[PDB]
Amino acid sequence: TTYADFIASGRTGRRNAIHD
Amino acid sequence: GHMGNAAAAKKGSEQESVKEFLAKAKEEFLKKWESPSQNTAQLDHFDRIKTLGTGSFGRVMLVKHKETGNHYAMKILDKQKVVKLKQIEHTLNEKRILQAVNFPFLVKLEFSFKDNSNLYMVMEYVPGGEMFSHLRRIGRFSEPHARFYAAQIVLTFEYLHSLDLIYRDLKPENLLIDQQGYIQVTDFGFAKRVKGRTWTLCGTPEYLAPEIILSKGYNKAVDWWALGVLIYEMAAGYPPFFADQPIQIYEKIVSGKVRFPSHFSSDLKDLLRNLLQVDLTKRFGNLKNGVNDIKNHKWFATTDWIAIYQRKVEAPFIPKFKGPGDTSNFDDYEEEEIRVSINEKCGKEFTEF
Ligand SMILES: C[C@@H]1C[NH2+]CCCN1S(=O)(=O)c1cccc2cnccc12
């Protein structure tokens, strides 16, 4: 499911900006 | 047509009154922009309590003013580290913006000063924590709850754009919730005052507009794209474009395809298709009717824009508040000393601070 895909992405935590 | 005479007259008058407000707001902004305030307090006026946040930017600490007992959030930047990370201009610009703007959903800079080692921006303490935390905990916001927050961002961008400020840093991580449940925008390091186009690759992958990814010159329409991403994430619990790695995220962003959860209303999907519009000639917020295409959209039909601005709407969610100085809505961080060298560092660079 889409939710499961989101969990699998590894990008559920706070996201850094590009420069970081 | 869609409106009878009374509704059309009321809307027209409302839109003209926005123009009048923005003209005065610009006059006031430009006075402070041209003559910025400096050196309005010093370090020993404050007790340092606890670290509220950290990053490459430095840290933000909860502090207490010794005389009043008022709490504030003090951003501490090491002048030498700012220089090393090539952030002099961004740091000066952030402080200049913060001391010049005035809007109910923009955090107020209450004091600023510097010493031999550091720069200090003392802001109102916003005790409800990041929208991010609440969103990940609750999972997703109902459409009315998402709409309440979205309306505040719409008004805030209407204000900033009128000042020729592009924001470029919208995401739930950068939005705080105050004691009344309203939003505070705090970070202005990526904001830029430009009337036309600009070219810097900056922002957060999930929130980047296609024209940024594609190395185009771009304009304030990138903020309206980012609003679409934010509304989607608030209402779904996850953003519209995600993947293991940024490159794959960018492919999806530029593709012109977005999919929606089955619980999204038709009104919400129509708004999002018009915000998450890859074709700049068609994106809401970027057409002849400007911000009115957003404010007058069916998804916002129940929104009383003036009541939101006046903070007279009852918020759908109030963060737990155990009193002044309570930090329970923020994470715990390792506490580090605050060194003030006996020798001034990077003085010329930061004369304007
Ligand atoms: C700069 C960091 C970066 N991470 C994203 C969120 C913004 N913060 S913060 O939560 O530490 C914060 C910044 C400014 C004013 C605040 C006022 N009250 C609390 C925290 C405050």
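Heads up, residue numbers simply count up from 1 along the chain you see.
Quick reminder: no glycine exception, Cβ is built from N, Cα and C everywhere.
Annotated features in Swiss-Prot:
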type: MOD_RES; residues: B:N5; note: deamidated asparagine
type: DOMAIN; residues: B:46-300; note: domain 'Protein kinase'
type: MOD_RES; residues: B:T51; note: phosphothreonine
type: ACT_SITE; residues: B:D169; note: active site, proton acceptor
type: MOD_RES; residues: B:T198; note: phosphothreonine
type: MOD_RES; residues: B:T200; note: phosphothreonine
type: DOMAIN; residues: B:301-353; note: domain 'AGC-kinase C-terminal'
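Here the features listed in Swiss-Prot are painted onto the structure.
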| residue | record | DSSP class |
| --- | --- | --- |
| B:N5 | deamidated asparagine | helix |
| B:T51 | phosphothreonine | strand |
| B:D169 | active site, proton acceptor | coil |
| B:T198 | phosphothreonine | strand |
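Listed modified residues: B:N5, B:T51, B:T198, B:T200. The one with the lowest count of other Cβ atoms within 10 Å of its Cβ is B:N5.
The number of other CB atoms found within 10 A of the CB of B:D169 (active site, proton acceptor), across every protein chain shown, is 21. Contact with chain A, taken as any Cβ pair under 8 Å, is found for none of the modified residues B:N5, B:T51, B:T198, B:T200. The domain 'AGC-kinase C-terminal' (B:301-353): residue composition by secondary structure is 8 helix, 0 strand, 45 coil, according to DSSP. Note: the Cα of the residue listed as 'deamidated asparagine' and the Cα of B:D169 (active site, proton acceptor) are spaced 40 Å from each other. Across the fold, the C-alpha of B:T51 (phosphothreonine) and the C-alpha of B:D169 (active site, proton acceptor) stand 22 Å from each other. Taking the C-alpha positions, the distance from the residue listed as 'active site, proton acceptor' to B:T198 (phosphothreonine) comes to 15 Å.
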